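Enquirer:
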Ligand SMILES: [Cu+2]
Ligand SMILES: [Cu+2]
Ligand SMILES: [Zn+2]
Ligand SMILES: [Zn+2]
């Protein structure tokens, strides 16, 4: 079985747009995230589980900012460090980056070896960023994902 | 402790070009392959350990085939099935696909959770294909990777 996460491209002004789903399954080596997404910007994108079960915007420094309602990276073990999916020093929410092909589709599965059971990711959000992910806070915070492009709540 | 694998772009007629290295390290969750490659074709490429410690071409039907001296996918258990990096029913050498950015660089690390110690992969080859990898023999054999584009021997 699979958790089916509906994902939307975020637009706080005009309303989110559906871009498909990400399926989460259990493998013998951890949780697999299998995207079935469309109409996204081509490239490799930061892909993380964020703390709050929300994809809503929040105002910050006078701005209505996409996805801020999700809070920060999911970090139950309180490492306070963005890092690699296979590093025990990194946020539990840190997943391998997600590849979107030329035609805007994403169908390449990725493994989160530190996550072991479907139950454990529910009540959090799944975030796809505009930027990539160097799995460090240096030199850009949170791997340089930057803006929150697409998001779905894990239920 | 690491293995540094020198990688060459394969051209049996005009000569193989040095395109960098891939560093293999041990993580708490299996082997991590960290590429440091340049001047490769952009996109997502099939990435596997092949059986033989060779990147040499081999004649077939009167023509040299790039990388054919590497033999098939490394499959010590003789599953005879191309599959996911996280599936125990798949070739032991099946790694996550390798992403090359538009500038020709590959620097995105990937985890092979079924591989646990550096000793396991010594005496084999590391292959990068022209095509991608859907982690099945359906609809295309060996994930659709097709031609052998770059290769290094793991020592
Ligand atoms: Cu994020
Ligand atoms: Cu191969
Ligand atoms: Zn993080
Ligand atoms: Zn294979």
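Protein chains in written order, with the entry's author numbering: chain A, 23 to 177; chain B, 23 to 177. Where is the CB? At the ideal position from N, CA and C, for every residue including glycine.
Report yes if the C-beta of residue 149 of chain B is less than 7 Å from at least one heavy atom of ligand 2; otherwise report no.
Expert: Flag set: Cβ of residue 149 of chain B near ligand 2.
Enquirer: Buried or exposed: which applies to residue 36 of chain A, given that a residue is buried once 16 or more other Cβ atoms fall within 10 Å of its Cβ?
Expert: Exposed, since its Cβ has fewer than 16 Cβ neighbours within 10 Å.
Enquirer: Should residue 40 of chain A be counted as a contact of ligand 4 given a C-beta to heavy atom distance under 7 Å?
Expert: No, since every heavy atom of ligand 4 falls outside the 7 Å radius drawn around the Cβ of residue 40 of chain A.
Enquirer: Nearest to residue 117 of chain B by alpha carbon, out of B:38, B:82, B:63 and B:46?
Expert: Comparing Cα-Cα distances from residue 117 of chain B to each of B:38, B:82, B:63 and B:46, the minimum goes to B:46.
Enquirer: Taking CB distances under 8 Å as the criterion, tell me whether residue 110 of chain A reaches chain B.
Expert: Residue 110 of chain A counts as touching chain B.
Enquirer: Starting from the beta carbon of residue 135 of chain A, find every residue of chain B whose beta carbon is closer than 9 Å, and list them in chain order.
Expert: 49, 50, 51, 52, 108, 133 and 135, listed in chain order.
Enquirer: May I have the straight-line CA-CA distance separating residue 141 of chain A from residue 107 of chain A, to the nearest angstrom?
Expert: Their Cα atoms are separated by approximately 19 Å.
Enquirer: By alpha-carbon positions, which one of A:48, A:177, A:144 and A:171 ends up nearest to residue 60 of chain A?
Expert: Checking every option, the nearest Cα to that of residue 60 of chain A belongs to A:171.
Enquirer: Taking the CB atoms as reference points, tell me whether residue 103 of chain A and residue 92 of chain A lie closer together than 8 Å.
Expert: No; because the gap between Cβ atoms is not below 8 Å, this pair is not in contact.
Enquirer: Measure how close the beta-carbons of residue 25 of chain B and residue 176 of chain B come, nearest whole angstrom, since I'm counting them as under 8 Å.
Expert: Indeed, because the Cβ distance is near 6 Å, the residues count as touching under 8 Å.
Enquirer: Strictly under 8 Å for the Cβ-Cβ distance: is residue 119 of chain B near chain A by that measure?
Expert: Yes, residue 119 of chain B lies at the interface with chain A (some Cβ there is under 8 Å from its Cβ).
Enquirer: Mapping DSSP to helix, strand and coil, what is residue 142 of chain A?
Expert: Helix at residue 142 of chain A.
Enquirer: By alpha-carbon positions, which one of B:134, B:48, B:110 and B:126 ends up nearest to residue 119 of chain B?
Expert: If we check each option's Cα against that of residue 119 of chain B, B:134 comes out closest.
Enquirer: What's the gap between the Cα of residue 41 of chain A and the Cα of residue 126 of chain A?
Expert: Rounded to the nearest angstrom, the two C-alpha atoms are 10 Å apart.
Enquirer: Using DSSP with H/G/I as helix, E/B as strand and the rest coil, what is residue 165 of chain B?
Expert: The answer is helix: DSSP assigns residue 165 of chain B an H, G or I state.
Enquirer: Using the beta-carbon of each residue, which ones in chain A are nearer than 7 Å to residue 66 of chain B?
Expert: The contacting residues are 121 and 130.
Enquirer: Between which two residues does the beta strand (DSSP E) containing residue 72 of chain A stretch?
Expert: Per DSSP, residue 72 of chain A belongs to the beta strand (DSSP E) from 69-72.
Enquirer: As a quick exercise: from B:123, B:67 and B:23, pick the residue whose alpha carbon is nearest that of residue 168 of chain B.
Expert: Checking every option, the nearest Cα to that of residue 168 of chain B belongs to B:67.
Enquirer: For residue 134 of chain A, name the three-state secondary structure that DSSP assigns.
Expert: DSSP places residue 134 of chain A in strand when its eight states are reduced to three.
Enquirer: Beta-carbon distances below 5 Å to any heavy atom of ligand 4 define the shell here; list its residues in chain order, please.
Expert: Counting every residue whose Cβ lies closer than 5 Å to a heavy atom of ligand 4, we get B:95, B:104, B:113 and B:116.
Enquirer: In the structure shown, what three-state DSSP assignment does residue 53 of chain A receive?
Expert: Here residue 53 of chain A sits in strand by DSSP.
Enquirer: In terms of residue numbering, what span does the beta strand (DSSP E) encompassing residue 77 of chain B cover?
Expert: Note, residue 77 of chain B: premise wrong, no beta strand (DSSP E); not H, not E.
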